[PDB]
Amino acid sequence: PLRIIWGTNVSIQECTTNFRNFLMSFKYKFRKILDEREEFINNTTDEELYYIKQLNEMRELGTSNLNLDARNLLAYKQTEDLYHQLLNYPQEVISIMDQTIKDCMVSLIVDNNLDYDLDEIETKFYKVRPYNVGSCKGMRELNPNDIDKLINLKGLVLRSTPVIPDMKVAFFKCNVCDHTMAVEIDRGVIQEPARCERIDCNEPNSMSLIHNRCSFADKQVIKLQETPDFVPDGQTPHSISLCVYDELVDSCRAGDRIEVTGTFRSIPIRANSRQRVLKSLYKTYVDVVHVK
Amino acid sequence: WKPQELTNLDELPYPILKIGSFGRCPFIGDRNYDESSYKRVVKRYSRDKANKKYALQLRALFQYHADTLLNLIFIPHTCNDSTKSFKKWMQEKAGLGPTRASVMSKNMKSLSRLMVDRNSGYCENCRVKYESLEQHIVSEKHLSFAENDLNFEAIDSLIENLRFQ
Amino acid sequence: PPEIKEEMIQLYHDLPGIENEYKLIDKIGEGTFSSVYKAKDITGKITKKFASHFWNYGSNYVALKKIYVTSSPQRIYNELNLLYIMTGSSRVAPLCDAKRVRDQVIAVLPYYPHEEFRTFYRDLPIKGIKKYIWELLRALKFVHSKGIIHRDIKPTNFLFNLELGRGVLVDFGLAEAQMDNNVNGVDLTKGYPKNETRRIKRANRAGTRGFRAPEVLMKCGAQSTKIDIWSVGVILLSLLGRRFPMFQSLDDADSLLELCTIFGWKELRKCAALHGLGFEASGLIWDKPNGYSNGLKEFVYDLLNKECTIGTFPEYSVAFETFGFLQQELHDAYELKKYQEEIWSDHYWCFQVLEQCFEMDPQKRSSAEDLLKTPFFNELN
Ligand SMILES: Nc1ncnc2c1ncn2[C@@H]1O[C@H](COP(=O)(O)OP(=O)(O)OP(O)(O)=S)[C@@H](O)[C@H]1O
Ligand SMILES: [Zn+2]
Ligand SMILES: [Zn+2]
């Protein structure tokens, strides 16, 4: 029948078809009707296909990012389920959205027979930035059932750490035969080789990690002073830590008022440097998807 | 294929030439039922009775000329027949689809390992899949496409030409 | 008309002018991208202009082709343009008129009476095959001179009437026209990368299942005219083989292995070599390890042998002459001897011309005009 990812209610095929239909058939007049604004509907802008022309100008400019309004998913009838699936399961639904955006970029020149080459588009890795995901409920009013959900937050940036290299591919070299392998990171863990991969050289513990040949990515930590819309009785303001990655690094400066939409994350923190013992109480942070 | 997948000698992922009988495709064959059964022979003989009269004009039209430029002679055969087998049994008794990107993503392939279990077609004018055609007819994009005439202009010119031919 | 009458009245609401212009009787055929109806000509200049396209059967019925709105208008314009440019011979079925409303379009064609093909092949004689193949090759070489590739030749597309013995072609909706080393390491010939970054070539894959040319299966960038001639060869082999759905493809690679189990792994590797890609098969137990080096004779021989020795085959000697014929090749009344020598000669000839009709290389594969001048088709000239 139909397959569902374990732990979720998300189907790759169903979400892909629904978001493809949404991208092909959305008009901003739907957003006007949803926000109860009938008198402001105009012919020349609202009745034009919004994401079609946005993906077209994305193709002309070389842009690889789509800024998606989550309220627009509620404007469309077929994606009202998908909206909730974007809020509850951002990690795979965002990947589904990126894959179908790539499919749409291929389709807009396959169907219409444009002169753009397919190699440059299919080499590019398109990714989506959902924003306006809902009401800006506070950090301290969130619960552990909100882990790995999409959250929208107000704030003021106080400071940012320098550019931190987080290691994506690892480069190991043999000491005796100079044979090297590259291993990808898998959920934060790199498998170092016990034996040399060569058939001729199989010496144990001969693989050493060369830290400058292995590839890194950008990771930055920003301390954000939150300004909630609603503040409970005697709540004293706090600072959150938000992690930005890749392109979003150094996009927020100290002292600006920003709109962060991201993923509510929790990790265990080691009690001591020498020991692998973790603390039962978890540390919460925001994995940032989009900054307004 | 892993050897566990191909273990079966009846169902195979790749096509095998098992031939078959009674006008069926040679690759699927006759796995569901056999034509050697008596009852199958009876129904085939009953259809054969109907087919004699139909086959007589078929033989008579092309006996000597391919064209209609025109009682019948037929080659004897040593091999058996459906009627002789019937006689022996009596002696015993007595979609266009949407185009998609070539390359998939690593996160997309990682999600295949996490999946468990719980009329329709594709419109290229709107470039969307639909659950039912009659629901796709009543939709803002299809009706907005219908009221526009600037995208059938070539058609229009052809219509005009074909009006005064 | 239990439920289809509501579709007739619905079509009547669909077009406001068809009531004054046509009266429609029945539904004749259902397709994938169209549904065709039989209609009365009533009054009209189109019937008087064409006249000769209608047969000697008379009464001048007119086919009415309704196209679903899901089809792209570019393909519709391509199809109607290709029908209107061509005209000429009777086998191409030129269109009379086109009726269009705001979303749907009606194509009007002369109706050609015929019967369904599931009735032909089980009992149709070799002379009928001669007339059938002759009509298809005349129509195909006609559309070749016009420069149109059909890529949709199927028994349902071809219309043939027995008592008159002639044919006509429809369904040019998927047709179009065409106008025109070693690096160390990375031995990709033994395996594929885990993550793919290179693209897949954008072919013109648009045929029907089981009739798609082997060049189309391998997605050749420069696609020739010769899909149609291999397809008419496939129809020829289905007629001689007495099996209708002889090629059925679950997917593309299924069809590649379907070609493998008759012609051989080595034969398709040489066919693949000229196209620039190499094909390897490891394991893959089947009957004939190198295919049939003799050709298609022994394959269709034991193909008929299985269904003959089972005994479900019908009693008519229309398809028993081939079993005797193939039996004497594999083993090795005076008017009866005359019928012998005639059927023997041209029935050897049809298999002979079949092997050139099934050639892998398109450049070595002879064109339909060369197929007409073969000694096999002598009496029709
Ligand atoms: N003029 C005609 N006379 C008799 N039968 C016809 C005629 N035109 C079409 N048919 C029948 O209609 C069917 C063929 O329709 P198609 O043209 O193949 O429809 P379709 O292929 O689904 O749409 P396409 O490929 O986009 S043109 C067969 O059953 C034919 O017998
Ligand atoms: Zn080594
Ligand atoms: Zn549509």
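A quick note on method: Cβ atoms are made from the backbone with ideal geometry, for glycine too, and the neighbour counts reach across all protein chains shown. Read-outs throughout are calculated quantities, based only on the coordinates presented, and are distinct from any laboratory measurement.
Close contacts from segment C:1-29, counting a first residue that is of a type in the set (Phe, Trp, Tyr) and a second that is part of a helix (DSSP H, G or I), with Cβ to Cβ under 8 Å and a gap of 6+ residues or different chains, come to C:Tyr12/C:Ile18; C:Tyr12/C:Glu19.
Considering only segment B:75-91, I want to know if a residue exists there that is part of a loop (DSSP other than H, G, I, E, B) and of a type in the set (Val, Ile, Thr). Yes, segment B:75-91 contains a residue that is part of a loop (DSSP other than H, G, I, E, B) and of a type in the set (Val, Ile, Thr). Give me the residue from segment C:58-84 that is more than 13 Å from chain B (Cβ to nearest Cβ) and out of contact with any strand residue (DSSP E or B) (no Cβ under 6 Å at 6 or more places or on another chain) and, out of that set, nearest to ligand 3 (Cβ to nearest atom). Once the filter is applied, the top-ranked residue is C:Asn60. For C:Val92, state whether it is within 12 Å of ligand 1 (Cβ to nearest atom) and within 11 Å of chain B (Cβ to nearest Cβ). In short, no. Are any residues in segment A:99-127 facing chain B (nearest Cβ under 8 Å), under 19 Å from C:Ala203 (Cβ atoms) and not in a helix (DSSP H, G or I), and if so, which ones? If the condition is that a residue be facing chain B (nearest Cβ under 8 Å), under 19 Å from C:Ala203 (Cβ atoms) and not in a helix (DSSP H, G or I), then A:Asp111 is the only one that fits.
Taking the listed residues C:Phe33, C:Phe54, the one that is within 17 Å of C:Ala93 (Cβ to Cβ), within 16 Å of ligand 3 (Cβ to nearest atom) and out of contact with any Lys or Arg (no Cβ under 6 Å at 6 or more places or on another chain) is C:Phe33, with no other qualifying.
For segment C:113-122, the condition holds for at least one residue, the condition being that it is part of a loop (DSSP other than H, G, I, E, B), surrounded by fewer than 21 Cβ atoms within 10 Å (Cβ to Cβ) and away from chain B (no Cβ under 14 Å). Considering only residues of segment C:310-359 that are small (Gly, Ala, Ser) and surrounded by 13 or more Cβ atoms within 10 Å (Cβ to Cβ), which is farthest from the other protein chains (Cβ to nearest Cβ)? Looking at the filtered set, the residue picked out is C:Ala319. Going through (1) more than 7 Å from every other protein chain (Cβ to nearest Cβ); (2) within 16 Å of ligand 3 (Cβ to nearest atom) one by one, B:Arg127 falls short only on (1). Only one entry in A:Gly134, A:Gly155, A:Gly138 is surrounded by fewer than 17 Cβ atoms within 10 Å (Cβ to Cβ), more than 16 Å from ligand 1 (Cβ to nearest atom) and more than 10 Å from chain B (Cβ to nearest Cβ), namely A:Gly134. Kindly indicate whether B:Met115 is more than 8 Å from chain C (Cβ to nearest Cβ), more than 16 Å from ligand 3 (Cβ to nearest atom) and surrounded by 13 or more Cβ atoms within 10 Å (Cβ to Cβ). The answer is yes for B:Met115. Entry remark, segment B:124-150: residues being touching a helix residue (DSSP H, G or I) at 6+ places or on another chain (Cβ under 9 Å) and within 16 Å of ligand 1 (Cβ to nearest atom) number 2 in total. Apart from one condition, B:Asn107 fits all of (1) more than 7 Å from chain C (Cβ to nearest Cβ); (2) closer than 30 Å to C:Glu335 by Cα; the exception is (2). Candidates C:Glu307, C:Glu280: the one that is within 9 Å of another protein chain (Cβ to nearest Cβ) and either charged (D, E, K, R) or surrounded by 20 or more Cβ atoms within 10 Å (Cβ to Cβ) (or both) is C:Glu307. Of all the residues in segment C:227-274, those that are part of a helix (DSSP H, G or I) and closer than 15 Å to C:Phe351 by Cα number 11. Determine the pairs where a residue that is at the interface with another protein chain (Cβ under 7 Å from one of its Cβ atoms), located within segment B:137-149, has a partner that is polar (S, T, N, Q) and buried (at least 16 other Cβ atoms within 10 Å of the Cβ) with Cβ atoms under 7 Å apart, the partner being 6 or more residues away or on another chain. Partner pairs satisfying both residue conditions: B:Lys141/A:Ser25. Here B:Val41 fulfils each of the conditions (1) buried (at least 17 other Cβ atoms within 10 Å of the Cβ); (2) more than 9 Å from chain C (Cβ to nearest Cβ); (3) of a type in the set (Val, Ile, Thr) apart from (2).
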